[PDB]
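# Architecture at a glance
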Amino acid sequence: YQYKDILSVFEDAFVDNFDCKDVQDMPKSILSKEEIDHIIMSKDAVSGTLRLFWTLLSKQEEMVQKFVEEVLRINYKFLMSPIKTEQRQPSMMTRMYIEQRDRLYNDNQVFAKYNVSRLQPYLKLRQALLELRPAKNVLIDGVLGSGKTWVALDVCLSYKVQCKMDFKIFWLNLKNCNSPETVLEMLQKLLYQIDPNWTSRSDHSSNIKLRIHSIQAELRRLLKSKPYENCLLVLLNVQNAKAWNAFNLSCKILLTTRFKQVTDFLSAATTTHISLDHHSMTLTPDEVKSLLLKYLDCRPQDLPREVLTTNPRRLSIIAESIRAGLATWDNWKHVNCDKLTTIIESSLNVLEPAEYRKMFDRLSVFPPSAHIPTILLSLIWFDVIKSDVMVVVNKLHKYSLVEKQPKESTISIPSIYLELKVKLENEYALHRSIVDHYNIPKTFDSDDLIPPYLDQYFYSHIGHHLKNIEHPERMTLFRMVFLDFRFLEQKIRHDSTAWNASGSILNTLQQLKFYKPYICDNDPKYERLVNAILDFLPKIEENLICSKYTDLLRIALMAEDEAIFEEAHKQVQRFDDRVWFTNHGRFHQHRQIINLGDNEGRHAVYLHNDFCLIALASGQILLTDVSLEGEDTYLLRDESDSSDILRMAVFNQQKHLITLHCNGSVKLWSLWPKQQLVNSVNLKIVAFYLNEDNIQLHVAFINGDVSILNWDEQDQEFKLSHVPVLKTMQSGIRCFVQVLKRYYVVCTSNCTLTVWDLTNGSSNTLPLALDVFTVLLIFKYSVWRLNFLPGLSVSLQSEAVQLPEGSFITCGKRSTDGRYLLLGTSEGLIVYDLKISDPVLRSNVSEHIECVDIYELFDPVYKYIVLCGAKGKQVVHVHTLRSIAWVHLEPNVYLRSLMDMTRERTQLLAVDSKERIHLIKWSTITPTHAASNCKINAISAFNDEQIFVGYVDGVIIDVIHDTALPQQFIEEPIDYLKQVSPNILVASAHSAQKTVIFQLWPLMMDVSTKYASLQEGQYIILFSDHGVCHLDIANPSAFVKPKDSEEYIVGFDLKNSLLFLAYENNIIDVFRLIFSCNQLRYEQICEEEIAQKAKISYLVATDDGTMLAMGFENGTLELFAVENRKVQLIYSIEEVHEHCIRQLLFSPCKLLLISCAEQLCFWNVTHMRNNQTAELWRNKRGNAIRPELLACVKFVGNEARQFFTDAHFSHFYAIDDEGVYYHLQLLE
């Protein structure tokens, strides 16, 4: 390491000890006399020491090492010992600070190149950073280009700031962020700066605002950690206050701005103000000559006297850049309107004026700050040129105004003048110049997938060119929409560099937004259905962010799925291509939204046994079945009273309901068998509290008197208790609760809190709802927690729970488990955690909520059910919580897996989490034993009339006949159930290693079977973990026990009387089955060992048995053929899947191979062979990159265990682990 970097470390006590006023014997070579006198002339110790430090860092080590050895040696040896050792030891803090400083220097090259330190702004802003608190923020403002970046970077380079920020400072340039979705990109950048870890499965979609809120919450959770507790985050060139609201994180933030409106919005009380426009806060003439001499390197420069010092010289640099070319002379002339950009007009007419003026002015057509291809730049200039394109490009770079990124041969437009003066008269020929622009790709030819198309420009800013054409040409073939454009645009323009992964969704919505302006293409009017699809494309695009930019998939298949009306566009679009398939015309995944007629639900509550009670606007009660499978919906209406419902509570093991209306009446309803008026047991009734230990009711009148009522089971009625009426004398009570069976907490309409001691009756002085679990107070605008502690004076700890701006609370409810609680607001639902006081979740809908309810659930997967009703809507939304996140058929049941396919291929059978068998050709069958809470473990069907099922306790049911087979053989879970012939059945327990064969005897083997087969109607072949066994039906006593092989069988298949077997050590044995009249014999054909390292996961052989293929646990897929008693590798494909291959299947025509894993892949066998039903798959070709990969469909779930095909290989049935269940049909 270098001494200069470590010298900046020892700075504080360096200021305390070193003087620089007592070392004027300083060897003159190290410090020149003029500059050392300048340092000594400084007034205070801190400023002089800082100037000395800067001057020392300016020089090289050939004087730094002399500063070490000499100078201080005469008197400052006491300051040697740390640094005299710190050069060697290099402590961990020193190393971390140096590493961060090097990273910051490498990030900004110009800072290292042409730096200059402004003492006054640097010190002034450093003091604010030192004093700053983890919630406040310091704002620095000034005219555009007043060098706020100078001072910001300079201050952050100081060691004291880094030490106080714990070496955790994150920059963020907030430029071009006036859209609600670029802020999401900036948040992703900040997260990547934090840590490259994010479970992207949280596809919120809907409005992007919800996703930005979710990522804000995630990063807020991630930042409040001890290493990240104090951290500087810097906002650069912030645009509008909206970005600030999207970027306030309760962190040590600081923003630099230039718009005055941001300063107006910013509250100076909570934010310190730093101004660069102050007359004292400006470049001094000494600073003027320092900046001028930074890299001009000339002795006499006094001619630039009275140049724009005000200028942060951001202007000067302009002037200096001219100096590298045009003389200082005529720049004293350039002072005319020096403050205004007329100087920018100069140095351009001074540029060679033959043709370069108009030649450069041609660059106004391009969008600002865009990477311009040089090839297109050739034609945009083809009017004259009269030179070589690269020659004029080189001269353009030479003067000031080209950076010329050569990696992809692209011109870059600078961004300090070309935003201005490019208007002029816009020369002429602008529209025909853009005509040439759209001509160079001749965007009317599209034949197959992606044609020649420039990757960067023509996928990014082509819309700008398309905008400035004739209107008949504007609408006719705008391309864009959806054919192939956005898929390859998303993959190629991917922004995977730092703030995203391979492929994004952003900057295409920002092209489809600002297409919210361009539906003006023909307006809605003509192709108004295209206006509809233009609106819907955002939603479907956010619906499939994941599973699309993770692998080699194309947009077309994932389009051809789904619903709504885009399919009408696909059917027209996709009639000029080969292969292609889906037509997934079925959906059996969950339910939501419950109809409740023309009335609007005021309140909602869930009930046991899957029911819901809705309190309606009309004053009635609607009891409904949530499964949408029952047939009973009851309407409980009070014929005498129609007052609206204000409150209710279900009690008595949810068998009775207590309700309270506006008219001062409280009633009791019986739900599972009589409306009782408890008030009869002119004073109106305001509020109540039901508490259960003895079930008890407390009630408050209008005058404040509180009464106490006891439940009666024998009559199921509320009687008056003998406790005397406490006179609260608090009229206008709005709510009241009992705490610890001793105290009363009362809140009135005037936000007044009172506490009453039931033992003595004394009153203590200290709104929407009050709950006890500490007391939760819910107001319209605020939420309060009141922790209670017992004592002579009751001690209450009040904590505010944060809520979002511009919104108010309507109603709330706490979970039964007391961990989370739900708040309803005009924007939607907020799921809030009590133990962390952070908003965990937000409802997917931006709507005015009028009722909230939560229901704890008993399942390892689903935990809570959420109900919410909307004002002005005739629906009520049902949301389910999974361990917590939104899951987006009863809302508490899901299909697990355990498929079954009939031999004739006419019916498919599935099982759900509630042991119900679903038949799809859709009907539901419930077996009798499901009431015994026995988990469903295996299912097997042969025809539509024989369906058998095995449970976890060794129990066999015939589903259709509801008959149980003899229960005296297997008591363990049944891991396998399948019948091979209409009169035989096999069942096995793997844990007990037991098998039973039923004749539809039964026969018992001490073997565990993973697969069973019948041969010649005589021999039953069983595959075990230890070997293969064969049984004769005619002679069951001749069972052949397996040889005790130490090797487990991992893959196998029996085809064409040839037995393939794979062991864990990557060895295949292939045998030929020879059938004699009295004995089954195995002759060994081959033994061979695989070169692939990974374990074999599945094996499959073709019908003729000539070929085979296996997949491995790492996702590799291998194909071999079997010739000359040898197995030779035919083809290898890697990165097929990231999980182990779950199934492999060969078509009878031998042209196709299906792989079932995290994604379903179709592989072409012919192209597979040539590079060492049939009419449907002939001449089908795949992607150019992977010619053997015909198609691939990604399951929304993590994996799929099994898949089935029909006889014609035209339909494919699949079920992933999440219960979503796919029908994949070939496009006929």
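Cut-offs applied
- Residues numbered from 1 in each chain as written, not as in the entry; some residues may be left out.
- Heavy atoms only, no water.
- Residues with missing side-chain atoms left out of burial classes, pairs and counts.
- Helix = DSSP H or I, 4+ residues; strand = E, 2+ residues; numbered from the N terminus.
- Expected span 1.5 Å × (residues − 1).
- Buried < 20%, exposed > 50% of the residue type's maximum accessible area, 1.4 Å probe, protein only.
- Pairing = 2+ DSSP bridges.
- UniProt positions renumbered as here; feature names shortened; annotations may be inferred.
- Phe/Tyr/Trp six-rings, centres within 6.5 Å; stacked < 30°, edge-to-face > 60°.
- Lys NZ or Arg CZ within 6 Å of the ring centre and 35° of its normal.
- Domains from an automatic or database assignment.
- Contact = heavy atoms within 4.5 Å.
- Buried area = accessible area lost by both parts, 1.4 Å probe.
- Axes fitted to C-alpha atoms, helices over the stretch in contact; angles between N-to-C directions.
- Core = buried A, V, L, I, M, F, W, Y, C linked by side-chain atoms within 4.5 Å.
- Salt bridge = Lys/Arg side-chain N within 4 Å of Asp/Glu carboxyl O.
- Arc of directions from axis to C-beta.
- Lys, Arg positive; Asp, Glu negative; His and termini not counted.
- Patch = residues over 30% accessible without salt bridge, like charges linked within 9 Å, V, L, I, M, F, W, Y side chains within 5 Å.
- Areas by Shrake-Rupley, 256 points an atom, 1.4 Å probe, with all protein chains shown as cover.
- Parallel < 35°, antiparallel > 145°, perpendicular 65-115°, else oblique.
- Left-handed = near helix turned anticlockwise from the far one by under 90°.
- Nonpolar A, V, L, I, M, F, W, Y, C, P; charged D, E, K, R; others polar.
- Polar contact = N/O pair within 3.5 Å; in protein donor to acceptor, adjacent residues only side chain to side chain.

### Re unusual backbone geometry
Cis geometry is adopted by the peptide bond preceding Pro1002, which originates at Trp1001 and carries an omega value of -5 degrees. Within the secondary structure, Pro1002 is located in the loop between β49 (994-999) and β50 (1003-1005). Within the chain, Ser1057 stands out as a residue other than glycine whose phi angle is a positive 60 degrees. Its place among the elements puts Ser1057 in the loop between β54 (1049-1055) and β55 (1058-1063).

### What about helix α10 (residues 119-131)?
Taking 1.5 Å per residue as the helical rise, α10 with its 13 residues ought to reach 18 Å, and the 18 Å between its terminal C-alpha atoms agrees with that figure. Every buried residue of α10 is accounted for by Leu119, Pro121, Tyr122, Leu125, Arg126, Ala128 and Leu129.

### A look at the pairing of strand β19 (residues 695-701)
Across the seven residues of β19, seven count as buried, placing the element largely inside the fold. Residues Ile695, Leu697, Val699 and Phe701 point to one face of β19 and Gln696, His698 and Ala700 to the other, with burial holding for every one of them. Judged from the seven bridges that link them, strand β18 (residues 685-692) and β19 form a sheet pairing that is antiparallel. Each bridged residue has a counterpart across the sheet, and for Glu692 the counterpart in β19 is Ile695. Pairing between β19 and strand β20 (residues 705-712): five bridges, direction antiparallel. What sits directly across from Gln696, in β20, is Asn710.

### Remarks on the UniProt feature "domain: CARD" in the chain
Those residues carrying the UniProt feature "domain: CARD" are residues 5-83 in this numbering. The distance separating the terminal C-alpha atoms of residues 5-83 is 11 Å; by composition the span is 65% helix and 0% strand.

### Things to note about the packing of aromatic side chains
Tallied over the entire structure, the rule returns 41 aromatic pairs. Seen from their ring centres, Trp244 and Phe265 are 5.6 Å apart, and the 70 degrees between their planes marks the pair as edge-to-face. With a gap of 21 residues between them, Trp244 in helix α15 (residues 241-247) and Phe265 in helix α16 (residues 260-265) connect regions that are remote in the sequence. When its relative accessible area of 15% is taken as the criterion, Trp244 is described as buried. For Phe265, a relative accessible area of 36% gives the class partly exposed. One aromatic cluster in this structure is built from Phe10, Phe14, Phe18, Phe53, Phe67 and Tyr76. In this structure, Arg647 is placed above the aromatic ring of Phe688, and the distance from its NZ or CZ to the ring centre is 5.7 Å. Positioned above the aromatic ring of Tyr1213, the side-chain terminus of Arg905 is 4.2 Å from the ring centre.

### Some words on the domain arrangement of the chain
Assigned domains of the chain: these are domain 1 (1-90), domain 2 (95-279), domain 3 (283-349), domain 4 (430-582) and domain 5 (591-637 + 802-893). Taking only C-alpha atoms, the centre of domain 2 and the centre of domain 3 are 31 Å apart. Listed as interface residues are 12 residues of domain 2 and, on the opposing side, nine residues of domain 3. For the pair domain 2 and domain 3, the two sides together bury roughly 840 Å², of which 67% comes from carbon and sulfur.

### Quick look at the sheet that holds strand β57 (residues 1080-1089)
Sheet architecture is open: four strands sit in the order β54-β55-β56-β57, paired in antiparallel fashion. Of all strands in the sheet, those bounded by a partner on one side alone are β54 and β57. With strand direction ignored, the average angle separating the axes of adjacent strands in the sheet is 20 degrees. By the bridge criterion, nine bridges tie strand β56 (residues 1067-1075) to β57 in an arrangement that is antiparallel. The residue bridging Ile1068 from the neighbouring strand is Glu1088, located in β57.

### Things to note about the nonpolar core
Counting 44 residues, the largest nonpolar core has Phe360, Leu363, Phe366, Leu377, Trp381 and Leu534 as the members making the most contacts within it. Sorting elements by how many residues they give to this core places helix α22 (residues 389-399) first, with four residues. When near neighbours in sequence (up to four residues on either side) are disregarded, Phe360 contacts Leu348, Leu396, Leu401 and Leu418. One finds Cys20, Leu72, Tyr97 and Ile98 within the second-largest nonpolar core, a separate group that totals 31 residues.

### Here we look at the UniProt feature "domain: NB-ARC" in the chain
The sites that UniProt annotates as "domain: NB-ARC" are residues 124-292. Counting secondary structure, residues 124-292 comes out at 44% helix and 17% strand; the distance between its end C-alpha atoms is 24 Å.

### Considerations on the sheet that holds strand β61 (residues 1126-1133)
Pairing is antiparallel across the open sheet formed by four strands, whose spatial order is β58-β59-β60-β61. Of all strands in the sheet, those with a lone pairing partner are β58 (1096-1101) and β61, marking the two edges. Put simply, the sheet's adjacent strands are angled 25 degrees from each other on average, direction ignored.

### Here we look at the pattern of salt bridges
Here the structure, examined in full by the defined rule, presents 36 salt bridges. Note that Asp771 is salt-bridged to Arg814, the shortest N-O span being 3.1 Å. For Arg814, a relative accessible area of 11% gives the class buried. Ionic pairing is found between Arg1142 and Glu1199, a salt bridge with its closest N-O pair at 3.4 Å. Its relative accessible area of 35% is what places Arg1142 among the partly exposed residues. Overall, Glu1199 belongs to the buried group, its relative accessible area being 14%.

### Some words on helix α32 (residues 566-573)
Among the residues of α32, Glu566, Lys570 and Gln573 are the ones counted as buried. Around the axis of α32, the buried residues are gathered within 70 degrees of arc, so they sit on the same side. Its buried side turned inward, α32 meets α30 (528-543) and α31 (555-560).

### Structural notes on the pairing of strand β62 (residues 1143-1146)
Looking at chain direction, β62 and strand β63 (residues 1152-1156) are connected through four bridges and run antiparallel. Note on β63: the bridge partner recorded for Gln1143 is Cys1156. Remark: five residues form the turn of the hairpin made by β62 and β63, two consecutive strands paired antiparallel; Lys1150 in that turn has positive phi of roughly 65 degrees.

### Some words on the side chain of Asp361
Within the secondary structure, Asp361 sits in helix α20 (residues 356-361). Buried charged residue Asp361 carries no salt bridge. Nearest counter-charge: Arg357, at 4.2 Å. Those residues in contact with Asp361, other than ones at most four positions away along the chain, are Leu424 and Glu427.

### Focus: a nonpolar patch on the surface
Together, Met92, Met93 and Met96 line one region of the surface with nonpolar side chains, adding up to about 270 Å² of accessible area. Examined against the element boundaries, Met96 turns out to sit in helix α8 (residues 92-107). We classify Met96 as partly exposed; its relative accessible area is 32%.

### A closer look at the environment of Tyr689
Positionally, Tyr689 belongs in strand β18. Contacts of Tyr689, omitting those with residues within four sequence positions, involve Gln696, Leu697, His698, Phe736, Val737 and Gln738.

### As for the packing of α10 against helix α11 (residues 148-157)
Where α10 meets α11, the closest approach of the two axes is 9 Å, and the angle between their N-to-C directions is 60 degrees. In terms of their interaxial angle, α10 and α11 are classed as oblique. Seen from above, α10 lies across α11 with right-handed handedness. Residues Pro121, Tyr122, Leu125 and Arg126 of α10 lie in contact with α11, whose contacting residues are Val151, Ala152, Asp154 and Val155. Among the residues making up the contact of α10 with α11, the classes are represented as six nonpolar, no polar and two charged.

### Focus: the environment of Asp166
Following the sequence through the fold, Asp166 ends up in the loop between α12 (159-164) and β2 (169-173). We classify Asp166 as partly exposed; its relative accessible area is 35%. For the pair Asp166 and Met96, spaced 70 residues apart in sequence, the C-alpha to C-alpha distance is 9.6 Å. There is a polar contact of 3.0 Å between the side chain of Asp166 and the side chain of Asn230.

### Things to note about the side chain of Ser897
Relative to the elements of secondary structure, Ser897 occurs in strand β39 (residues 895-901). Apart from residues no more than four positions distant in its own chain, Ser897 is found in contact with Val911 and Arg1201.

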